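Geometric and topological summary
Take a look at the letters that make up each chain.
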Amino acid sequence: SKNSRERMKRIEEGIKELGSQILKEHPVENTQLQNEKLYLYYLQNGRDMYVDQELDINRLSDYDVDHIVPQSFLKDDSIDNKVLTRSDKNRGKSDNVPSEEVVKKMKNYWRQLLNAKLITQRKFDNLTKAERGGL
């Protein structure tokens, strides 16, 4: 729902806060960010959100756009409820938020993305909800 100019501005500022060279190694124009997988690729600094591994920018068609809170529970199809991951099977269980195993190993990177304004507090709260009960 974010306009391509607003999407480019959010990525450029967040990548700058990370000190990342991903925009230098993979240049992109604002209109290209209308693709949700490519937009999530830069929002995550080319990293998987559920596994400690890189995302291959040429393999985006093979990756999954996973809903943090499953759509059978929450009616939210925005970026605030989505991540790009190599396989949505790596989220843990399918009928819940990402598993506590994923939370403990990934929360520090999620925290860094939050401070860099690449995810919202609401998105960080839903990503880590397994360590507070789940659902």
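Residues numbered from 1 in each chain as written, not as in the entry; some residues may be left out. Heavy atoms only, no water.

Determination of this PDB entry was carried out by X-ray crystallography to a resolution of 1.9000 Å, according to the record.

If you look the protein up in the PDB entry, it shows as CRISPR-associated endonuclease Cas9/Csn1 from Streptococcus pyogenes serotype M1.

Digging into the nonpolar core
What counts is decided by this rule: Put simply, buried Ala, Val, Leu, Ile, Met, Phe, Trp, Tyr and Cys residues joined by side-chain atoms within 4.5 Å make one nonpolar core. Note on classification: 1.4 Å probe, protein chains only; a residue is buried when its accessible area is under 20% of the maximum for its type, exposed when over 50%, partly exposed between these limits. A helix here means a DSSP run of H or I that spans at least four residues, while a strand means a run of E at least two residues long, and both kinds are numbered starting from the N terminus. We call two residues in contact whenever any of their non-hydrogen atoms come within 4.5 Å of each other.
Judged by nonpolar contacts, the single largest core of 35 residues is most densely connected at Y41, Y42, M49, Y50, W110, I119 and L127. Looking at this core, the elements with two or more residues in it are α1 (4–18), α3 (36–43), β2 (82–85), α4 (100–115) and α5 (121–127). Sort the elements by how many residues they give to this core and α4 lands first, with 7 residues. Every residue in contact with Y41, bar those within four places of it in the chain, is listed here: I22, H26, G46, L55, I57, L60 and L84.

Quick word on α1
Our working rule: Helix span, as expected, comes to 1.5 Å for every residue beyond the first. Within this analysis, the arc is defined by the directions that extend from the helix axis to the C-beta atoms. Two N or O atoms form a polar contact when they lie within 3.5 Å of each other; inside protein one atom must be a possible hydrogen donor and the other a possible acceptor, and for residues adjacent in sequence the pair counts only when both atoms belong to side chains.
An ideal rise of 1.5 Å per residue puts 21 Å on 15 residues; α1 measures up with 21 Å between its terminal C-alpha atoms. Of all the residues in α1, the buried ones are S4, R7, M8, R10, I11, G14, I15 and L18. Buried residues of α1, seen end-on, are gathered within an arc of 165 degrees and therefore sit on one face of the element. Exposed residues pointing more than 90 degrees away from the buried face of α1 are listed as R5, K9, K16 and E17. If you follow the buried residues of α1, they end up packed against α2 (22–25), α3 and α4. The backbone nitrogen of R5 has a side-chain oxygen 3.0 Å away, supplied by the residue at the start of α1, namely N3.

A word on the pattern of salt bridges
Applied cut-off: By convention in these notes, a salt bridge is any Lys or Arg side-chain nitrogen within 4 Å of a carboxyl oxygen on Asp or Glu.
Enumeration over the complete set of coordinates arrives at 7 salt bridges. Between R91 and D66 there is a salt bridge whose closest N-O contact spans 2.8 Å. Of the two residues, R91 sits in the loop between β2 and α4 while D66 sits in strand β1 (residues 64–67), which places them 25 residues apart along the sequence. Both residues of the pair, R91 and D66, count as buried. The residue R122 makes a salt bridge to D76 at a minimum N-O spacing of 2.8 Å. A residue pair is termed long-range when its members are at least 10 positions apart, and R122 in helix α5 and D76 in the loop between β1 and β2 qualify at 46 residues.

Quick notes on α3
α3 sits mainly inside the fold: 6 of its 8 residues count as buried. By the burial criterion, the buried members of α3 are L38, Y39, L40, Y41, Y42 and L43. Its side-chain oxygen at 3.2 Å from the backbone nitrogen of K37, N35 defines the N-terminal cap of α3. With its phi angle positive at about 55 degrees, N45 sits one or two positions after the end of α3.

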